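**Q** Sending over a structure as structure tokens; questions will come in a sec.
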Amino acid sequence: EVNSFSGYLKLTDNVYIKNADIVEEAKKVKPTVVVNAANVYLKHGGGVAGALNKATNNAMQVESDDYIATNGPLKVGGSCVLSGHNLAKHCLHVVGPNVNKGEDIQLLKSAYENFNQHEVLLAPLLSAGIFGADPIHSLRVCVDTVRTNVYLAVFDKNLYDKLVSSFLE
Ligand SMILES: CCNC(=O)c1cc2c(N[C@H](c3ccc4c(c3)S(=O)(=O)CCO4)C(C)C)ncnc2[nH]1
């Protein structure tokens with residue numbers, strides 16, 4: 001079964017959301033594309049990126065180091081397409097702004113625009129958690145920007161409930 005997403009709540013015609021761990025979603029669904037919440041040097045040291053890398057038994061990190069050696073770092077708001085390993089056909093590494101480190105929140109629109117190069121994606125909420133963006137603002141930018149089919153996995157029931165209530169107001 002291809003892109004077998006289950007238990008999502010449809011918010012708009014192309015944005016769906018679930019209270020779920022993106023790693024467990026990728027193992028079950030084996031989507032065509034999983035989005036990583038990357039940094040510009042593709043160092044997957046913790047958070048979502050560390051969890052996805054650990055689920056590949058460090059194969060994602062070795063591949064990422066080799067991409068950085070040949071191409072240099074990404075820009076904030078940018079992305080690159082690498083292997084999905086055992087989690088997906090492809091991993092789209094997207095760098096949202098880290099507001100806690102002084103990066104511009106306006107780059108969150110550029111970060112979501114990368115999603116439009118892929119017909120179907122499993123993704124986390126960009127710049128949320130320790131990147132410091134307001135997660136309700138990140139959802140609003142996702143809904144206004146992404147035009148392809150995106151399945152958002154948010155691994156926190158408290159935040160999930162706040163995002164759905166914020167959308168349905
Ligand atoms: C147990 C293994 N899995 C995880 O640790 C895991 C954590 C996951 C997660 N976290 C969200 C998140 C979204 C973006 C984001 C960050 C965290 S960060 O702080 O790592 C860096 C910047 O970008 C939180 C808001 C809830 N969302 C989705 N699936 C998950 N899986």
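Labeling convention for the structure tokens: chains A, B, ... as they appear, residues from 1 per chain, ligands from 1 in order of appearance.
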Could you give me, as a PyMOL selection string, every polymer residue with an atom at most 7 Å away from an atom of ligand 1, counting only C-alpha atoms and all ligand atoms?

**A** chain A and resi 20-23+37+46-49+51+124-131+153-156

**Q** Deliver the residues from the most recent selection as a file, using N, CA, C and O atoms, as a tab-separated table (two decimals), in the first residue's frame.

**A**
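So again-v5.tsv came out as:
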chain	number	residue	atom	x	y	z
A	20	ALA	N	1.19	12.19	16.57
A	20	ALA	CA	2.00	11.03	16.29
A	20	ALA	C	3.47	11.36	16.24
A	20	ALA	O	3.86	12.51	15.93
A	21	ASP	N	4.29	10.32	16.45
A	21	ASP	CA	5.75	10.41	16.31
A	21	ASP	C	6.07	10.20	14.81
A	21	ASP	O	5.79	9.14	14.25
A	22	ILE	N	6.71	11.21	14.18
A	22	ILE	CA	7.04	11.11	12.75
A	22	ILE	C	7.85	9.83	12.43
A	22	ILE	O	7.76	9.31	11.33
A	23	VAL	N	8.72	9.39	13.39
A	23	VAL	CA	9.52	8.18	13.12
A	23	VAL	C	8.62	6.96	12.98
A	23	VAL	O	8.81	6.14	12.08
A	37	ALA	N	13.54	18.02	10.03
A	37	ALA	CA	13.65	19.37	10.56
A	37	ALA	C	15.18	19.59	10.77
A	37	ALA	O	15.74	19.44	11.89
A	46	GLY	N	20.06	15.75	17.76
A	46	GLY	CA	19.00	15.71	18.77
A	46	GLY	C	17.68	16.08	18.13
A	46	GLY	O	17.63	16.35	16.93
A	47	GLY	N	16.61	16.08	18.94
A	47	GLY	CA	15.27	16.40	18.45
A	47	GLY	C	14.81	15.53	17.31
A	47	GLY	O	15.13	14.34	17.25
A	48	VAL	N	13.98	16.10	16.42
A	48	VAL	CA	13.43	15.32	15.30
A	48	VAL	C	14.52	14.73	14.42
A	48	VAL	O	14.48	13.54	14.07
A	49	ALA	N	15.55	15.53	14.12
A	49	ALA	CA	16.61	15.08	13.21
A	49	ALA	C	17.38	13.92	13.84
A	49	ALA	O	17.70	12.93	13.16
A	51	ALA	N	16.25	11.77	16.04
A	51	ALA	CA	15.34	10.62	16.07
A	51	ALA	C	15.27	9.94	14.71
A	51	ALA	O	15.39	8.72	14.62
A	124	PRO	N	7.16	17.21	9.93
A	124	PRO	CA	6.96	17.81	11.25
A	124	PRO	C	6.54	19.29	11.09
A	124	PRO	O	6.63	19.88	9.98
A	125	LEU	N	6.14	19.92	12.19
A	125	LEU	CA	5.78	21.35	12.20
A	125	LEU	C	7.08	22.19	12.23
A	125	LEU	O	7.81	22.21	13.22
A	126	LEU	N	7.36	22.91	11.13
A	126	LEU	CA	8.67	23.56	11.03
A	126	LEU	C	8.88	24.63	12.05
A	126	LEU	O	7.96	25.42	12.39
A	127	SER	N	10.14	24.73	12.53
A	127	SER	CA	10.61	25.75	13.49
A	127	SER	C	9.94	25.69	14.87
A	127	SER	O	10.14	26.61	15.65
A	128	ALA	N	9.17	24.63	15.15
A	128	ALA	CA	8.55	24.48	16.47
A	128	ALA	C	9.60	23.88	17.44
A	128	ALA	O	10.82	23.80	17.13
A	129	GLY	N	9.18	23.53	18.65
A	129	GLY	CA	10.07	23.02	19.66
A	129	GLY	C	11.14	24.03	19.98
A	129	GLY	O	10.87	25.24	20.02
A	130	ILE	N	12.37	23.56	20.08
A	130	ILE	CA	13.50	24.38	20.51
A	130	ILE	C	13.95	25.38	19.43
A	130	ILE	O	14.80	26.21	19.74
A	131	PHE	N	13.42	25.33	18.20
A	131	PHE	CA	13.66	26.43	17.23
A	131	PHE	C	12.89	27.70	17.57
A	131	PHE	O	13.21	28.76	17.05
A	153	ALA	N	2.81	15.34	11.29
A	153	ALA	CA	2.83	14.54	12.52
A	153	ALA	C	3.37	15.42	13.64
A	153	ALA	O	4.49	15.95	13.53
A	154	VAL	N	2.56	15.61	14.71
A	154	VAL	CA	2.98	16.44	15.82
A	154	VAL	C	2.96	15.53	17.05
A	154	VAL	O	1.89	15.05	17.46
A	155	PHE	N	4.14	15.30	17.61
A	155	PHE	CA	4.27	14.32	18.69
A	155	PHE	C	4.07	14.93	20.08
A	155	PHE	O	4.99	14.90	20.93
A	156	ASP	N	2.86	15.44	20.30
A	156	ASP	CA	2.52	16.04	21.60
A	156	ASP	C	1.04	16.30	21.55
A	156	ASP	O	0.58	17.16	20.77

**Q** Sorted by chain and rising residue number, which residues of region 55-161 of chain A lie within 9 Å of region 7-18 of chain A, and what are their closest atom pairs and distances in Å to one decimal, counting only C-alpha atoms, as a tab-separated table?

**A**
residue	atom	partner	partner_atom	distance
A:142	CA	A:15	CA	8.1
A:143	CA	A:15	CA	6.5
A:146	CA	A:14	CA	7.8
A:147	CA	A:14	CA	6.5
A:148	CA	A:14	CA	6.2
A:149	CA	A:14	CA	4.6
A:150	CA	A:15	CA	5.1
A:151	CA	A:16	CA	4.8
A:152	CA	A:17	CA	4.6
A:153	CA	A:18	CA	5.1
A:154	CA	A:18	CA	6.2
A:155	CA	A:18	CA	8.2
A:160	CA	A:18	CA	7.4

**Q** Out of region 56-158 of chain A, which residues get strand (DSSP E) from DSSP, as a CSV table (one decimal) with N, CA and C atoms, in the first residue's frame?

**A**
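Okay, selection.csv is ready:
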chain,number,residue,atom,x,y,z
A,79,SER,N,16.6,23.7,1.3
A,79,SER,CA,16.5,22.3,1.5
A,79,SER,C,17.4,21.5,0.5
A,80,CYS,N,17.5,20.2,0.7
A,80,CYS,CA,18.1,19.3,-0.2
A,80,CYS,C,17.4,17.9,-0.1
A,81,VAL,N,17.4,17.2,-1.2
A,81,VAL,CA,16.8,15.8,-1.3
A,81,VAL,C,17.8,14.8,-1.2
A,82,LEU,N,17.8,13.9,-0.1
A,82,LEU,CA,18.7,12.8,0.0
A,82,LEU,C,17.9,11.5,0.2
A,83,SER,N,18.6,10.4,0.4
A,83,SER,CA,17.9,9.1,0.5
A,83,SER,C,17.0,9.1,1.8
A,90,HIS,N,12.6,9.1,-0.2
A,90,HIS,CA,13.4,10.3,-0.1
A,90,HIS,C,13.3,11.0,1.2
A,91,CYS,N,14.3,11.6,1.7
A,91,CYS,CA,14.2,12.5,2.8
A,91,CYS,C,14.5,13.9,2.3
A,92,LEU,N,13.5,14.9,2.5
A,92,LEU,CA,13.7,16.3,2.2
A,92,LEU,C,14.2,17.0,3.5
A,93,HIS,N,15.4,17.4,3.5
A,93,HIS,CA,16.0,18.0,4.7
A,93,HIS,C,15.7,19.5,4.5
A,94,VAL,N,14.8,20.1,5.4
A,94,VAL,CA,14.4,21.5,5.3
A,94,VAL,C,14.9,22.3,6.5
A,120,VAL,N,3.4,14.4,-2.3
A,120,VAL,CA,2.9,13.9,-1.0
A,120,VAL,C,4.1,13.9,-0.1
A,121,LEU,N,3.9,14.5,1.2
A,121,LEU,CA,4.9,14.5,2.2
A,121,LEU,C,4.4,14.2,3.5
A,122,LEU,N,5.2,13.5,4.3
A,122,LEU,CA,5.0,13.3,5.8
A,122,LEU,C,6.0,14.3,6.4
A,123,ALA,N,5.5,15.2,7.3
A,123,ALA,CA,6.4,16.3,7.8
A,123,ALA,C,6.2,16.7,9.3
A,149,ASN,N,0.3,17.8,-1.1
A,149,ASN,CA,-0.5,17.1,0.0
A,149,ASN,C,0.5,16.8,1.2
A,150,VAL,N,0.3,17.5,2.3
A,150,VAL,CA,1.1,17.4,3.4
A,150,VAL,C,0.4,16.8,4.6
A,151,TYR,N,1.1,15.8,5.2
A,151,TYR,CA,0.6,15.1,6.4
A,151,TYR,C,1.5,15.4,7.6
A,152,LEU,N,1.0,16.2,8.5
A,152,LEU,CA,1.8,16.7,9.6
A,152,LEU,C,1.7,15.8,10.8
A,153,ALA,N,2.8,15.3,11.3
A,153,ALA,CA,2.8,14.5,12.5
A,153,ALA,C,3.4,15.4,13.6
A,154,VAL,N,2.6,15.6,14.7
A,154,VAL,CA,3.0,16.4,15.8
A,154,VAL,C,3.0,15.5,17.1

**Q** Give me the residues near residue 41 (chain A) as a list in words, where near means some atom within 10 Å (using only C-alpha atoms) and where sequence neighbours in that chain fewer than 4 positions away do not count.

**A** residues 64, 65, 67, 68, 69, 72, 73, 74, 75 and 95 of chain A

**Q** May I have the residues within 10 Å of residue 89 (chain A) as a ChimeraX atom specification, using only C-alpha atoms and disregarding those fewer than 5 positions away in the same chain?

**A** /A:30-34,82-84

**Q** Could you list, as number ranges by chain, every residue within 9 Å of residue 97 (chain A), counting only C-alpha atoms and ignoring same-chain residues fewer than 4 positions away?

**A** A: 39, 76-77, 101-108, 111, 126-127, 131-133

**Q** For the residues selected in the previous step, produce a file with C-alpha atoms as a compact mmCIF listing (two decimals), in the first residue's frame.

**A**
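Final output, saved to result_32.txt:
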# COMPACT_ATOMS: atom_id res chain seq x y z
CA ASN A 39 20.00 22.61 10.36
CA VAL A 76 18.17 28.96 6.25
CA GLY A 77 14.85 28.49 4.37
CA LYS A 101 19.27 31.83 17.65
CA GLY A 102 18.26 35.14 16.02
CA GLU A 103 17.16 33.87 12.59
CA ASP A 104 14.34 35.68 10.71
CA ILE A 105 10.82 34.28 11.18
CA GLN A 106 9.97 35.45 7.62
CA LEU A 107 12.17 32.59 6.31
CA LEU A 108 9.49 30.12 7.57
CA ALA A 111 11.13 26.79 4.32
CA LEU A 126 8.67 23.56 11.03
CA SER A 127 10.61 25.75 13.49
CA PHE A 131 13.66 26.43 17.23
CA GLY A 132 11.32 28.81 19.06
CA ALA A 133 8.66 29.80 16.49

**Q** Mind the document's chain letters and residue numbers, and return as an NGL selection string the residues of chain A that DSSP labels helix (DSSP H, G or I).

**A** :A and (22-29 or 47-55 or 59-71 or 99-101 or 107-117 or 129-131 or 135-145 or 157-167)

**Q** How far is it from CA of residue 36 (chain A) to CA of residue 137 (chain A), in Å with one decimal?

**A**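 Those two atoms sit 19.2 Å apart.
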
**Q** Can you work out the spacing between CA of residue 136 (chain A) and CA of residue 166 (chain A) in Å, to one decimal?

**A** 6.9 Å

**Q** Could you tell me how far CA of residue 3 (chain A) lies from CA of residue 29 (chain A), in Å and to one decimal?

**A** 5.6 Å
